[PDB]
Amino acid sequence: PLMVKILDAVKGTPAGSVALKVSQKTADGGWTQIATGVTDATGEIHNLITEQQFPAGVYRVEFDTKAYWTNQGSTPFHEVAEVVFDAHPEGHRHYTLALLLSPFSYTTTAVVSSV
């Protein structure tokens, strides 16, 4: 239900080996960690979470972009890239978090398949 696609805007390839964590907002305004992962070479993570693990609610996906640029040899601006959103996965609703990275800029977009 939750997929990601991270692209490197400098190299024109997906951003591989990007560490991420998915958190779910709790009733008291806190966060609970529901999964972690690292993108494969296609800048994707497969079987990140399952349907039952992704009920309606506010989610935060944190991407370790600083480590990504460091490893690539660039010094980046952001300490992390955070994507915080409301998810309504009722039906067939699948979410793709598209992330476009440059050392001093990123774009976070979502593609939400209907039901």
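All residue numbers refer to positions in the sequence shown, first residue = 1. Just so we're on the same page, rigid core means the largest C-alpha set that superposes within 1.5 Å between forms.
Q: On a core superposition, give the stretch, 64 to 72 or 85 to 93, with the larger average C-alpha separation from this form in 8 other deposited structures of this protein (RMS over structures and residues).
A: After superposing on the rigid core, the more displaced stretch in 8 other deposited structures of this protein is 85 to 93.
Q: Name the higher of the two by mean Cα B-factor in the PDB entry, 69 to 77 versus 50 to 58.
A: If you average the C-alpha B-factors of 69 to 77 and of 50 to 58, the larger mean comes out for 50 to 58.
Q: For the C-alpha atoms alone, is the average B factor greater in 14 to 22 or in 89 to 97, going by the entry?
A: For C-alpha atoms only, the mean B-factor is higher in 89 to 97.
Q: Looking at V115, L2, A110, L7, which has the biggest Cα B factor in the entry?
A: Answer for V115, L2, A110, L7: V115, with the highest C-alpha B-factor.
Q: Out of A27, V38, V83, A41, which residue has the highest Cα temperature factor in the PDB record?
A: The listed residue with the largest C-alpha B-factor is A27.
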